[PDB]
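Below is model.cif, holding mmCIF, C-alpha atoms and all ligand atoms.
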data_protein
#
loop_
_atom_site.group_PDB
_atom_site.id
_atom_site.type_symbol
_atom_site.label_atom_id
_atom_site.label_comp_id
_atom_site.auth_asym_id
_atom_site.auth_seq_id
_atom_site.Cartn_x
_atom_site.Cartn_y
_atom_site.Cartn_z
ATOM 1 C CA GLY A 1 -42.882 26.343 -7.799
ATOM 2 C CA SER A 2 -42.056 24.095 -4.854
ATOM 3 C CA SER A 3 -41.968 23.820 -1.061
ATOM 4 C CA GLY A 4 -41.142 21.504 1.824
ATOM 5 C CA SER A 5 -39.500 21.040 5.215
ATOM 6 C CA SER A 6 -37.760 18.517 7.469
ATOM 7 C CA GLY A 7 -35.858 18.041 10.713
ATOM 8 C CA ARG A 8 -34.587 14.894 12.415
ATOM 9 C CA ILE A 9 -31.696 13.720 14.590
ATOM 10 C CA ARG A 10 -28.565 12.105 13.158
ATOM 11 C CA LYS A 11 -27.037 9.416 15.374
ATOM 12 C CA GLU A 12 -25.086 7.170 13.004
ATOM 13 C CA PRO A 13 -21.442 6.052 12.667
ATOM 14 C CA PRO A 14 -19.034 7.510 10.074
ATOM 15 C CA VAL A 15 -18.259 5.943 6.695
ATOM 16 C CA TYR A 16 -15.816 3.867 8.738
ATOM 17 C CA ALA A 17 -16.785 0.356 9.835
ATOM 18 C CA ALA A 18 -16.772 -1.237 13.288
ATOM 19 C CA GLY A 19 -13.524 -3.000 12.441
ATOM 20 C CA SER A 20 -11.941 -1.733 9.231
ATOM 21 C CA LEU A 21 -8.647 -0.131 8.203
ATOM 22 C CA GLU A 22 -10.226 3.264 7.531
ATOM 23 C CA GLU A 23 -10.788 3.580 11.280
ATOM 24 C CA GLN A 24 -7.143 2.775 12.014
ATOM 25 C CA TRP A 25 -5.754 5.381 9.617
ATOM 26 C CA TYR A 26 -8.304 7.864 10.956
ATOM 27 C CA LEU A 27 -6.950 7.549 14.496
ATOM 28 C CA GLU A 28 -3.354 8.200 13.440
ATOM 29 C CA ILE A 29 -4.796 11.546 12.352
ATOM 30 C CA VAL A 30 -7.119 12.448 15.227
ATOM 31 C CA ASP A 31 -4.179 11.507 17.449
ATOM 32 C CA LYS A 32 -1.242 12.935 15.499
ATOM 33 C CA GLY A 33 -2.807 14.913 12.667
ATOM 34 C CA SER A 34 -1.795 12.903 9.608
ATOM 35 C CA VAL A 35 -1.600 9.340 8.292
ATOM 36 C CA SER A 36 1.176 7.521 6.437
ATOM 37 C CA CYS A 37 0.903 5.182 3.449
ATOM 38 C CA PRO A 38 0.599 1.475 4.350
ATOM 39 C CA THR A 39 2.159 0.655 0.979
ATOM 40 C CA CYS A 40 5.337 2.735 0.788
ATOM 41 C CA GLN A 41 5.225 4.083 4.343
ATOM 42 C CA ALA A 42 7.265 7.131 3.337
ATOM 43 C CA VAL A 43 4.723 9.870 2.628
ATOM 44 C CA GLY A 44 1.381 10.482 4.311
ATOM 45 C CA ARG A 45 -1.578 12.833 3.952
ATOM 46 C CA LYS A 46 -3.643 15.244 6.050
ATOM 47 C CA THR A 47 -6.430 12.656 6.024
ATOM 48 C CA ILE A 48 -7.620 9.372 4.523
ATOM 49 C CA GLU A 49 -9.595 10.797 1.601
ATOM 50 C CA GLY A 50 -6.354 12.208 0.228
ATOM 51 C CA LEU A 51 -4.371 9.052 0.950
ATOM 52 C CA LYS A 52 -6.928 6.765 -0.694
ATOM 53 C CA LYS A 53 -6.236 8.486 -4.015
ATOM 54 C CA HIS A 54 -2.513 8.026 -3.378
ATOM 55 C CA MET A 55 -2.685 4.311 -2.578
ATOM 56 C CA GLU A 56 -5.188 3.955 -5.420
ATOM 57 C CA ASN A 57 -2.119 3.911 -7.668
ATOM 58 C CA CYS A 58 0.845 3.568 -5.307
ATOM 59 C CA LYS A 59 -0.537 0.211 -4.170
ATOM 60 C CA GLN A 60 2.144 -1.886 -5.867
ATOM 61 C CA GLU A 61 3.697 -5.311 -5.296
ATOM 62 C CA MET A 62 7.296 -5.647 -4.112
ATOM 63 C CA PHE A 63 9.658 -8.538 -4.850
ATOM 64 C CA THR A 64 12.822 -10.039 -3.365
ATOM 65 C CA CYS A 65 15.178 -12.560 -4.962
ATOM 66 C CA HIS A 66 16.036 -15.732 -3.045
ATOM 67 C CA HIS A 67 19.522 -16.516 -4.355
ATOM 68 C CA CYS A 68 21.067 -13.371 -2.874
ATOM 69 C CA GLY A 69 18.066 -11.365 -1.713
ATOM 70 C CA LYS A 70 18.058 -8.371 -4.047
ATOM 71 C CA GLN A 71 15.164 -5.904 -4.002
ATOM 72 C CA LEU A 72 14.101 -4.123 -7.190
ATOM 73 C CA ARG A 73 10.878 -2.342 -8.143
ATOM 74 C CA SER A 74 10.714 -3.613 -11.723
ATOM 75 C CA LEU A 75 10.295 -7.394 -11.645
ATOM 76 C CA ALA A 76 11.806 -7.676 -15.124
ATOM 77 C CA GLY A 77 15.090 -6.024 -14.192
ATOM 78 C CA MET A 78 15.357 -8.266 -11.140
ATOM 79 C CA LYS A 79 14.401 -11.541 -12.823
ATOM 80 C CA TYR A 80 17.326 -10.644 -15.082
ATOM 81 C CA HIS A 81 19.803 -9.985 -12.271
ATOM 82 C CA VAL A 82 19.430 -13.668 -11.392
ATOM 83 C CA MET A 83 19.979 -15.170 -14.842
ATOM 84 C CA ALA A 84 23.024 -12.898 -15.039
ATOM 85 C CA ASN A 85 24.670 -13.142 -11.618
ATOM 86 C CA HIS A 86 23.157 -16.473 -10.575
ATOM 87 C CA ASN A 87 23.750 -17.989 -14.013
ATOM 88 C CA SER A 88 23.775 -21.736 -13.359
ATOM 89 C CA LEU A 89 23.490 -23.456 -16.739
ATOM 90 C CA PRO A 90 22.363 -27.097 -16.393
ATOM 91 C CA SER A 91 25.338 -29.154 -17.567
ATOM 92 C CA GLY A 92 26.788 -31.337 -14.827
ATOM 93 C CA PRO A 93 27.414 -31.783 -11.086
ATOM 94 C CA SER A 94 30.666 -29.882 -11.616
ATOM 95 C CA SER A 95 32.349 -27.295 -13.840
ATOM 96 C CA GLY A 96 35.671 -29.002 -14.491
HETATM 97 ZN ZN ZN A 101 2.311 5.109 -1.041
HETATM 98 ZN ZN ZN A 102 19.632 -12.510 -6.505
#

Starting from the file, give its structure as structure tokens.
Ligand SMILES: [Zn+2]
Ligand SMILES: [Zn+2]
Amino acid sequence: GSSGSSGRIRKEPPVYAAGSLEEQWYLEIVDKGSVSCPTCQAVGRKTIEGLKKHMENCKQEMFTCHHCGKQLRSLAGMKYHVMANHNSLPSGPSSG
């Protein structure tokens, strides 16, 4: 057996903070209807909740060579494009 009752007002702000990203993304929705990914910025979601899960893994780090300025997802592959194309073996101030 059991019993009980309650009833009070609810005047509190949403999970969002008074100055956080969540709020920003939220607007893009309440204004447009959907929000894009701040990481890839190619695919969005109907709301944040859904996006969060997306960025939870998508959140990756991009790189960009300096010699030429190549852009590759896999750091390894890139770091190799330099030693291959920008192969400057330390020998002398000249080649010949
Ligand atoms: Zn993404
Ligand atoms: Zn390069």

Which protein, DNA or RNA residues have an atom within 9 Å of ligand ZN 101 (chain A), counting only C-alpha atoms and all ligand atoms, as a CSV table (one decimal) with C-alpha atoms, in the coordinates of the input?
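Result file is selection-v4.csv:
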chain,number,residue,atom,x,y,z
A,36,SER,CA,1.2,7.5,6.4
A,37,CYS,CA,0.9,5.2,3.4
A,38,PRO,CA,0.6,1.5,4.4
A,39,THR,CA,2.2,0.7,1.0
A,40,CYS,CA,5.3,2.7,0.8
A,41,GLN,CA,5.2,4.1,4.3
A,42,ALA,CA,7.3,7.1,3.3
A,43,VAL,CA,4.7,9.9,2.6
A,44,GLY,CA,1.4,10.5,4.3
A,51,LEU,CA,-4.4,9.1,1.0
A,54,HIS,CA,-2.5,8.0,-3.4
A,55,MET,CA,-2.7,4.3,-2.6
A,56,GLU,CA,-5.2,4.0,-5.4
A,57,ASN,CA,-2.1,3.9,-7.7
A,58,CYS,CA,0.8,3.6,-5.3
A,59,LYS,CA,-0.5,0.2,-4.2
A,60,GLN,CA,2.1,-1.9,-5.9

Exercise answer, 9 Å around ligand ZN 102 (chain A) with all atoms listed in the file, as a PyMOL selection string: chain A and resi 64-71+78-79+81-83+85-86

Atomic distance atom CA of residue A:19 - atom CA of residue A:46, expressed in Å with one decimal: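 Answer for the atom CA of residue A:19 to atom CA of residue A:46 separation: 21.7 Å.
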
Between atom CA of residue A:52 and atom CA of residue A:25 - distance in Å to one decimal: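 Answer for the atom CA of residue A:25 to atom CA of residue A:52 separation: 10.5 Å.
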
Picked residues, the PyMOL selection byres (((chain A and resi 48) around 9) and not hetatm), expected as a ChimeraX atom specification: /A:22,25-26,29,34-35,45-47,49-53

Step by step, gather every atom of stretch 74-85 of chain A that the file lists, find the box along x, y and z that holds them, add 3 Å on each side, and finally give centre and edge lengths in Å to one decimal, as JSON.
{"center_x": 17.5, "center_y": -9.4, "center_z": -13.1, "size_x": 20.4, "size_y": 17.6, "size_z": 10.0}
